[PDB]
Amino acid sequence: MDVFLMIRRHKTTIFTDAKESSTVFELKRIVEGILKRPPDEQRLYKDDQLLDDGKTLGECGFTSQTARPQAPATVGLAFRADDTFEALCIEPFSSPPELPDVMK
Amino acid sequence: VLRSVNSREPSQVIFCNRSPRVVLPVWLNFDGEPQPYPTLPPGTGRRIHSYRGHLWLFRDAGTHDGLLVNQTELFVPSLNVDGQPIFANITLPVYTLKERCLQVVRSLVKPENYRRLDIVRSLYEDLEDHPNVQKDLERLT
Amino acid sequence: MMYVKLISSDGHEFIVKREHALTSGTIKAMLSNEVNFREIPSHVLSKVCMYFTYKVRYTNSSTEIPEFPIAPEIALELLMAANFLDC
Ligand SMILES: Cc1ncsc1-c1ccc(CNC(=O)[C@@H]2C[C@@H](O)CN2C(=O)[C@@H](NC(=O)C2(F)CC2)C(C)(C)C)cc1
């Protein structure tokens, strides 16, 4: 079963899918192919929880019926600069303006 | 041009609403006039009596947005095999993002106010040109 | 796999499958691997990317199709973007 994700760090957002049975480590390999950083320089998160490489995306709560094409689940990403990892930072998207009067 | 054939050969059909919309079934009568039939709430089904060669299409009852039936625009009851009814699976299309935005905007803005929106004139025209069965018959012809 | 980068007016960089972005004839034209959108903010472009995924997933598929969700607050801007991108 496919799960649909946004992998997010700072002002970067990757739209991709993976198998529910695929591992956290395998997702780092996907990230590696796109952003050119190896798995050992990556930490992946679900909310504030650091994800273990060996676990499946399903085990970590990314399921086909919650990580949907039209409403994908968010995976947090942090990079290691030199010796130590940066803290997890995900820049929020911009805020919609006030609803125009005629839309109330 | 588009009209039901007066065949008189009964065909039993299940109208199956697998959309989240209230569904208006429309029968094209023998002169090609659209005749509305009772609505189907989201997720519901009705076993109905129709006829071979009769033409049907399906709309959102409230907005007239177009729906698919067995993955296409028109449904024509076929010959029943082994007494089994013909299934007519009514589903949402994959609307274009533009048409979907128009739908949502139309659902929030009373038509008198389309003009107060801060958009290019052609989008005002797109909003006012809402779905309508007659327009689709003229196209499909 | 081939990706492209779509950048919002506020500097958010969305990385999506090239195939998905070519949903849009306008984006295809802007590519012929990064495009900047000076008028489309991230709360709109993020939804555009979600639409691509939705469209590719559910086009020509008999599994019941869910409604593509659009919050009222973003509908007008999303409409304008959809009109520009022809999608
Ligand atoms: C309960 C319901 N909910 C959603 S639709 C619906 C429904 C309610 C009633 C019926 C009854 N069937 C009909 O009206 C069929 C459908 C369509 O084929 C036309 N029709 C006819 O019986 C027509 N009859 C014929 O063609 C004949 F009698 C010459 C064979 C009418 C009477 C309209 C000229 C069908 C569907």
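Below, chain A is the first sequence line, B the second, and so on; all start at residue 1. When a ligand or atom number is given, it counts from 1 through the structure's own listing order.
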- Task: Using the test ring-ring contact (aromatic ring centres under 6.0 Å, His included), find all partners of B:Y37 that sit at least two apart in sequence or belong to another chain.
- Result: B:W56
- Item | Backbone of A:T56 reached by a side-chain donor or acceptor of A:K19 within 3.5 Å | no
- Message: Test: ring pair (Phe, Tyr, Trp, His ring centres under 6.0 Å). Region: residues 1-36 of chain A. Which pairs qualify, not counting sequence neighbours?
- Response: none
- Note on the structure: Those residues at least two apart in sequence (or on a different chain) that pass salt bridge (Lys or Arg N to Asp or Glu O under 4.0 Å) with C:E77 are none
- Item | Donor on one side chain, acceptor on other, C:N33 and C:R18, under 3.5 Å | yes
Would you mind writing out a table of all protein N or O atoms found under 3.5 Å from any N or O atom of ligand 1, naming both atoms and giving the distance to 0.1 Å?
from, atom 1, to, atom 2, distance (Å)
ligand 1, 12 (N), B:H49, O, 2.8
ligand 1, 14 (O), B:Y37, OH, 2.7
ligand 1, 18 (O), B:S50, OG, 2.8
ligand 1, 18 (O), B:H54, ND1, 2.6

- Message: Hydrophobic cluster membership, with links at side-chain heavy-atom distances under 4.5 Å among I/L/V/M/F/W/Y: are A:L77 and C:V16 in one?
- Response: no
